[PDB]
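Reading the structure
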Amino acid sequence: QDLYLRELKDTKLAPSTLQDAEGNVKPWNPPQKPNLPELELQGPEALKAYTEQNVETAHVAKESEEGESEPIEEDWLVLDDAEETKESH
Amino acid sequence: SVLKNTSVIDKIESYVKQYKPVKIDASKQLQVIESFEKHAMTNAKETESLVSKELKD
């Protein structure tokens, strides 16, 4: 019937020059051709963390440290504290 | 396949590809730990000997 061609041309003309083909906008004044791929390119970027999580910053954290090559000094300190703890046993 | 207009999957793929070697693992527990352990067995054998002879006495 009339609708069988009218609505198909309606949904094949305006959507054609609305997106996918990505050129011009006939039905309504605001264009989404430069809105969804350009202005909304930073949309999720604004929603998410930018320059930290989107770029996955290669934060090279300081490597795990140690006793800094502590000499026998800490050894006899441990000896002394163990001795004074065990003296009252 | 989920994303159609990705424009970012290649960038993140490359970023992870270049990130897996984060840095060299330390694995250097051989400068104060080793000295502590050496003293450990030395005076531990000393204490074992002294407690043994005390038990015999």
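Residues numbered from 1 in each chain as written, not as in the entry; some residues may be left out. Chains lettered and ligands numbered in written order. Part of a larger assembly, values for the part shown. Heavy atoms only, no water.

- For this deposition, the record names cryo-EM as the technique by which the model was determined and cites 4 Å as its resolution.

Points about the overall build of chain B
- For chain B, the helix and strand inventory stands at two helices and zero strands.
- Taken over C-alpha atoms, the radius of gyration comes to 28 Å for chain B, far larger than the 10 Å a tight globule of 57 residues would show.
- For chain B, buried positions account for 2% of its 57 residues.
- With the model as given, the accessible surface of chain B reaches about 5,000 Å², and the carbon-plus-sulfur share is 63%.
- For chain B, the separation between the mean place of its 10 positive charges and that of its 9 negative charges on side chains is 13 Å. (Helix = DSSP H or I, 4+ residues; strand = E, 2+ residues; numbered from the N terminus. Rg over C-alpha atoms; globule rule 2.2 N^0.38 Å. Buried < 20%, exposed > 50% of the residue type's maximum accessible area, 1.4 Å probe, protein only. Areas by Shrake-Rupley, 256 points an atom, 1.4 Å probe, with all protein chains shown as cover. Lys, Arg positive; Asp, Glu negative; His and termini not counted. Charge placed at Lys NZ, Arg CZ, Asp CG, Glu CD.)

Quick look at the interface of chain B and chain A
- Listed as interface residues are 16 residues of chain B and, on the opposing side, 20 residues of chain A.
- Interface area, chain B with chain A, both sides summed: about 1,400 Å², of which 53% is carbon and sulfur.
- Looking at the side of chain B facing chain A, the largest losses of area belong to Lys23(B), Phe36(B) and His39(B), adding up to 33% of the total buried there.
- There are two salt bridges connecting chain B and chain A.
- We note a salt bridge from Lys11(B) to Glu56(A), for which the minimum N-O separation is 2.8 Å.
- If you look at where chain B meets chain A, you find five residue pairs in polar contact.
- Among the elements of the structure, α1 (9–17) and α2 (33–56) of chain B are those that each provide at least two residues to the side of chain B that touches chain A.
- For the side of chain B that touches chain A, the leading source of residues is α2(B), giving five residues.
- When grouped by side-chain class, the residues that make up the side of chain B that touches chain A number seven nonpolar, six polar and three charged. (Contact = heavy atoms within 4.5 Å. Buried area = accessible area lost by both parts, 1.4 Å probe. Salt bridge = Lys/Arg side-chain N within 4 Å of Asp/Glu carboxyl O. Polar contact = N/O pair within 3.5 Å; in protein donor to acceptor, adjacent residues only side chain to side chain. Nonpolar A, V, L, I, M, F, W, Y, C, P; charged D, E, K, R; others polar.)

What to know about the pattern of salt bridges
Residues and elements named next belong to chain A.
- With the rule as written, the count across this model stands at nine salt bridges over all chains.
- For the salt bridge of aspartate 10 with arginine 6, the shortest nitrogen-to-oxygen distance reads 2.7 Å. Linking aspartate 10 with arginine 6, this pair stays in helix α1 (residues 2–13), spanning four residues, or about one helical turn.
- Assessed through its relative accessible area of 26%, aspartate 10 is described here as partly exposed.
- In this structure, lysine 62 and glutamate 65 form a salt bridge, with 4.0 Å as the shortest nitrogen-oxygen distance.
- The exposed category is assigned to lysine 62, whose relative accessible area is 65%.
- Each of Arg6, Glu7, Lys9 and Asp10 takes part in a single network of salt bridges with overlapping partners.

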